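Secondary and tertiary structure notes
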Amino acid sequence: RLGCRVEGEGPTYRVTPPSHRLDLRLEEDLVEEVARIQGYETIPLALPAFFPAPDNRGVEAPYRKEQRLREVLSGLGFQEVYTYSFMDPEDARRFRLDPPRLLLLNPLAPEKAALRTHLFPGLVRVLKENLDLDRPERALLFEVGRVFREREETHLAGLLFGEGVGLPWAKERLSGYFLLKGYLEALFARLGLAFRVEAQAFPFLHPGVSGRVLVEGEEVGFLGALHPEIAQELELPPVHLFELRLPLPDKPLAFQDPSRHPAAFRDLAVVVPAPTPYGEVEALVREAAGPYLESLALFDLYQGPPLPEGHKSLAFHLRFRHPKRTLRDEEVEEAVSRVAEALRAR
Amino acid sequence: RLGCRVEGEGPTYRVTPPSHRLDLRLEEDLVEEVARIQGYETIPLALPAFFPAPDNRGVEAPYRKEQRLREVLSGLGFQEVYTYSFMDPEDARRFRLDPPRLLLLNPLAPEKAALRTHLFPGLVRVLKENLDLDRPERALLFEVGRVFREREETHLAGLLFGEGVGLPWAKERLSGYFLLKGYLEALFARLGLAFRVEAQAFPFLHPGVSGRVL
Amino acid sequence: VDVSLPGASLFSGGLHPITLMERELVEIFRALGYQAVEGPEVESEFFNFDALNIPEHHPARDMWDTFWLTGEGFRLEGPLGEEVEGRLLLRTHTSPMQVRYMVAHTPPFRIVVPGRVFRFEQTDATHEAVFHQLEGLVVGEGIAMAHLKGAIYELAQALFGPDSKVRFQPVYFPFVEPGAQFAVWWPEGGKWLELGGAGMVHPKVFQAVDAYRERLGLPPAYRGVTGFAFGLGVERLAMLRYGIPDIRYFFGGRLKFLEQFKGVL
Amino acid sequence: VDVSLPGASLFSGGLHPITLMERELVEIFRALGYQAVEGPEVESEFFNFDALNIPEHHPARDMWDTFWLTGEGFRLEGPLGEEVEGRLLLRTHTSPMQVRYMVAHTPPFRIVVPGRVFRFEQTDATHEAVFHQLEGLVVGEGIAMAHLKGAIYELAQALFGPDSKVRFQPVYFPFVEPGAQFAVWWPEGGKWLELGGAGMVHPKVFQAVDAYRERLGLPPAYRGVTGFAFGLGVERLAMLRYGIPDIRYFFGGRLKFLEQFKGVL
Ligand SMILES: N[C@@H](Cc1ccccc1)C(=O)O
Ligand SMILES: N[C@@H](Cc1ccccc1)C(=O)O
Ligand SMILES: [Mg+2]
Ligand SMILES: [Mg+2]
């Protein structure tokens, strides 16, 4: 009826289409025909059942991983945000960063002619426009997106700003950089990943308040206070940032029986130059504590009148334990020196 | 071969089992037989496909709801905990609360002879024993469980204790009741639910620091 | 400023391993179209025993050490919110849910039922009185054992494998014929793990369901349909999976333990 | 103490509506055994057009307003980590992933691909240049259209219904024959919603895949297998679902907006 010639006896036929029909070349094109003429509604409903080829097994992991993370954040207290993957070539300047490696040939507008190499610029920018529309006292958010440098990459950045948290009515607040870090650390605490920060010079980050980020023993992303020069180049006050690369590495848990025998407690302080970083300090103390160091915390420190003008004090709470048996004091005040010795012996 | 008598021409047969076989009454019992004798391993592998009866549609909601919540908490900062559904009748006193409506007839021990009417007692109790084993400075956790009063009920309780949060080294902390509330409010902020508290007298709660939840 | 310094002591929460394991198992069956639903920890001797072909004075009832309860003014709800009768007890397994669900619904369907169960037993390193199980039920015309077999097989793969496999041996249960116990191949640790029991839903169970339904005014729905159900111990698997050595550890609210599973996901 | 007082100002996070919608859609297909996987936003003209039966100088290429890119030292990765060539651009839809996945895997399978796409267009109340789509692909011997039909039907039910239904009309796509557009019945608002397109994977697409595979050393895997794929606009649905009026709203980082979906789940 569609003007085709059908030769053959079956089961496979010779069908020559009318010349005015150019969309008819394959057998499938021919099937689509019977279908539309019979009516797509005359096709029944069904569901397939099969055991999927093995190489398809794990597949979801990556995606899944990204989402659990996405979720934890929101549960931790971050508002998620969605930003255009575009970038104003000009901002490569405005924000002290290298130029975009990818440019559009048909940009939507000269201010979205490149491809974001960084996420945070967009965040900060959002901050601004929010302030101008509605005046939020504080703000804490994040965004996960693809940035483009030599290779496409999945990045995660977060921004904090405002008075901080604390009692609304009551005077004080607690905010600033150490707040952002506070959250950051808790996040990894939740992901079961070891994270720490080490001062690092960043063109876009105020120095002194600059620092690279070390997830479980690795260097990825940074964290810090937004360099004021930029803070002001924009009608903006002080802001705090951090931008990482995903996927986050992962430490497969190795469960470990905790012992019942009570721990060995200790009071201890360290006096070292005002410049020295907490890091190395904890590092050393820790690396010398011995194989029975259960805990290691810092409950206090201050510059301090009663000591060397260029040195500081360190409140370190210590705990020890032995799986199989209780720890004999012989080994405690002993290993304690093992540290103190190489402590400032260095 | 199993000693059955088989009469009939098919397709349905008359099978009388030997008297020593008492487990053979139904046709199905008879099938289990061919199966074990042919070997369970000789049964192929397959997967069913069908559109489920409509009344089964929403079903997962409740469970799902409970879990999202469970998850948010952990993400907010609460350690989850699992406590026995048992209760020491004695604690009905120790903790100022009414007596358990359900008791065991074969308790595991007189200290687990009743059914928890409240969750928190168990939490607090856990707190203690933790302090005695390891000495945690602060603690924030929760637990979701079934309590038993006139009807079985799903309850959620959380406990806070310790110095509170703030700078470890730096002097101050911020904790106490208004901390717990702080978290509570944020949780609802996350669930999109309006919550508030109003002072209420509770036998087990210090007054002045007591309050019902809305 | 010293950036290496510690930030504001913020609380990092975690989840209980059972919850994690439960979750994991659930996500698995969910991918095969199973829907999760829970039942009551306090049940009626009717749903726990009678409904499933379990006799009063015969050897079967004697496979589950039950906790009997007492007390008044306690209202137990039936599948349709009605009040039901029978000696009260603590669900000895999650199977009762099998019934409540069927009474309340129409085939075909696929459900899975996580839940804490209770058995009167002396608590040791590998035995508890309080633990969790995960019941599974799939009813519909045409269901056969091969389906159950595939079901379990998919589960194996999902857990270990594709270098893992399944073992099905015949076993006896009053609510299924054929009945079977199934083990799973663990490629890593190299051993066979007895996971749980399963089988083709027993005719007298279906009978029971319909009978109670009509007594409730509903039309029969399980005549001419087939089905299989299974149930497995969660703690065991969780222990093998997350590598825990003492089952008592789960109900032992120790933090040093619980935190160990903070980032499990 | 005054308990009615406000507690410590703690930060309450939230999620972006697209993420929520995405999530919801994903959980849906996951229950039918679909697995989620993502592709790259920056693609090669080869995967975006050529692989799928899309010609250079013919009317088809002319249905997608593409963003062309430029720049050096940028490394684009192929399905097997190899470096691939072709004019660079911004994925115009998520279909390219269809290919990358097939080249890299073996049937039978079910996947779903969420992802942000880009189209050169003027941004108005119902049209964006940057938005998201969700691609779906199911390949295997025996696959037919009825499967696609059921697939979509299940999706409908999952979203509205069981008082909702599906509409399938024939439409033209270079990578599927038969091709079709499908609408869904919204019982509440009472109208038909055009959701997305779908169809039976085109033979030349399968051809392409195998051809590139062999060029990569792999044996052909898509001869003698069938398949269907579909793709739908996420923003549209999210708007209808969560009741949003302006599509521009999504990329407009306004908080008063974003927070509105805090407790969506
Ligand atoms: N819950 C059952 C396990 C099982 C379930 C279903 C069928 C067979 C066995 C038990 O207590 O052992
Ligand atoms: N992503 C396609 C939608 C589609 C997918 C698969 C088959 C048919 C249509 C589009 O751009 O329109
Ligand atoms: Mg045609
Ligand atoms: Mg038998």
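Residues numbered from 1 in each chain as written, not as in the entry; some residues may be left out. Chains lettered and ligands numbered in written order. Part of a larger assembly, values for the part shown. Heavy atoms only, no water.

As recorded in the PDB entry, chain C goes by the name PHENYLALANYL-TRNA SYNTHETASE, listed as coming from Thermus thermophilus. The record lists the entry's title as "PHENYLALANYL TRNA SYNTHETASE COMPLEXED WITH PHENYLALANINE". Recorded under Subunit, the UniProt text for chain C is reproduced unchanged: "Tetramer of two alpha and two beta subunits." UniProt annotates chain C under Sequence similarities with the comment "Belongs to the class-II aminoacyl-tRNA synthetase family. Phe-tRNA synthetase alpha subunit type 1 subfamily." (UniProt positions renumbered as here; feature names shortened; annotations may be inferred.)

With the PDB entry as reference, chain A is termed PHENYLALANYL-TRNA SYNTHETASE, source organism Thermus thermophilus.

To continue, consider the packing of helix α1 (residues 17-30) of chain C against helix α4 (residues 145-159) of chain C. Residues and elements named next belong to chain C. For the pair α1 and α4, the least separation of the axes is 10 Å and the interaxial angle reads 130°. In terms of their interaxial angle, α1 and α4 are classed as oblique. The two elements α1 and α4 cross, and the hand of that crossing is right-handed. Along its contact with α1, which presents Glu24, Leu25, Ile28 and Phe29, the element α4 presents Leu155, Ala158 and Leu159. Across the contact of α1 with α4, the residue classes break down as 6 nonpolar, no polar and 1 charged. (Axes fitted to C-alpha atoms, helices over the stretch in contact; angles between N-to-C directions. Helix = DSSP H or I, 4+ residues; strand = E, 2+ residues; numbered from the N terminus. Parallel < 35°, antiparallel > 145°, perpendicular 65-115°, else oblique. Left-handed = near helix turned anticlockwise from the far one by under 90°. Contact = heavy atoms within 4.5 Å. Nonpolar A, V, L, I, M, F, W, Y, C, P; charged D, E, K, R; others polar.)

Turning our eyes to something else, we now look at the site of ligand 1. Residues and elements named next belong to chain C. Around ligand 1, the structure places 13 residues, and the nearest of them are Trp64, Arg119, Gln133, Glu135 and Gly197. One of the side-chain N or O atoms of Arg119 is found 3.3 Å from an oxygen atom in ligand 1. With respect to ligand 1, the side chain of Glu135 contributes an N or O atom lying 3.3 Å from a nitrogen atom. For ligand 1, whose free accessible area comes to 330 Å², the fraction covered by protein is 93%. Counting residues per element, the ones that place at least two in the shell around ligand 1 are β6 (130-140), β9 (191-201) and β10 (226-233). The element that contributes the greatest number of residues to the shell around ligand 1 is β10, accounting for 3 residues. Its residues assigned to classes, the shell around ligand 1 comprises 6 nonpolar, 5 polar and 2 charged. (Near = heavy atom within 4 Å. Polar contact = N/O pair within 3.5 Å; in protein donor to acceptor, adjacent residues only side chain to side chain. Areas by Shrake-Rupley, 256 points an atom, 1.4 Å probe, with all protein chains shown as cover.)

Right, let's talk about the packing of helix α2 (residues 61-76) of chain A against helix α1 (residues 17-30) of chain D for a bit. Helix packing geometry: the angle between the two helix axes and the distance between the axes. Running from N to C, α2 of chain A and α1 of chain D point in directions that differ by 135°, and their axes come no closer than 13 Å. Relative to α1 of chain D, the element α2 of chain A is oriented oblique. Read as a crossing pair, α2 of chain A and α1 of chain D show a hand that is left-handed. Side by side, α2 of chain A and α1 of chain D meet where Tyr63, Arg64, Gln67, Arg70 and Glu71 of chain A of the first sit next to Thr19, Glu22, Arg23, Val26 and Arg30 of chain D of the second. Of the residues that constitute the contact of α2 of chain A with α1 of chain D, the class distribution is 2 nonpolar, 2 polar and 6 charged.

All names here are of chain D. Neighbouring ligand 2 are 13 residues, the closest being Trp64, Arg119, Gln133, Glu135 and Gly197. In the environment of ligand 2, an oxygen atom lies 3.3 Å from a nitrogen or oxygen atom belonging to the side chain of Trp64. Here a nitrogen atom of ligand 2 sits 3.3 Å away from a polar atom, N or O, in the side chain of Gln133. At the level of elements, β6 (130-140), β9 (191-201) and β10 (226-233) are the ones that each hand at least two residues to the shell around ligand 2. Split by residue class, the shell around ligand 2 holds 6 nonpolar, 5 polar and 2 charged.

Below, the discussion takes up the nonpolar core. Residues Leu159 and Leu187 of chain A together with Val42, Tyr222, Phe228 and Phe230 of chain D are the most contacted members of the largest nonpolar core, which totals 183 residues. In terms of residue count, helix α5 (residues 177-191) of chain A provides more of this core than any other element does, 9 residues in total. Those residues in contact with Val42 of chain D that sit more than four places away from it in its chain are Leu102, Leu115, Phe148 and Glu152 of chain A together with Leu69, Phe74, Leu76, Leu88, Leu89 and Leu90 of chain D. Within the second largest apolar cluster, 125 residues are counted, among which are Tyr63 of chain B together with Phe49, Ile54 and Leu76 of chain C. (Core = buried A, V, L, I, M, F, W, Y, C linked by side-chain atoms within 4.5 Å. Buried < 20%, exposed > 50% of the residue type's maximum accessible area, 1.4 Å probe, protein only.)

Our focus in this paragraph is the interface of chain C and chain A. By a widely used convention, the size of an interface equals the accessible area lost when the partners come together. Opposite the 33 residues of chain C that make contact, chain A presents 40 residues. At the boundary of chain C and chain A, one finds 2 salt bridges. Counting across the chain C and chain A interface gives 16 residue pairs in polar contact. Every element with two or more residues in the side of chain C that touches chain A is listed here: α1, α4 and α7 (255-258) of chain C. When residues of the side of chain C that touches chain A are assigned to their parent elements, the largest contribution, 4 residues, is made by α4 of chain C. Its residues placed into classes, the side of chain C that touches chain A shows 16 nonpolar, 10 polar and 7 charged. (Salt bridge = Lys/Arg side-chain N within 4 Å of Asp/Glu carboxyl O.)

Under the UniProt annotation, the feature "binding site: Mg(2+)" is placed at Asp23, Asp29, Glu32 and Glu33 of chain A. Relative to the helices and strands, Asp23 of chain A resides in the loop between β2 (14-16) and α1 (27-38). Discounting chain neighbours no more than four positions away, the residues touching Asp23 of chain A are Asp29 and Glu33 of chain A. A distance of 2.4 Å separates the side chain of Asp23 of chain A from the side chain of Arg21 of chain A, its partner in a polar contact. Of note, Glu32 of chain A is situated in helix α1. Here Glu32 of chain A falls in the buried class, since its relative accessible area comes to 9%. Not counting residues up to four positions away in its chain, the partners in contact with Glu32 of chain A are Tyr40 of chain A together with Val171, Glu177, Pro178 and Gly179 of chain D.

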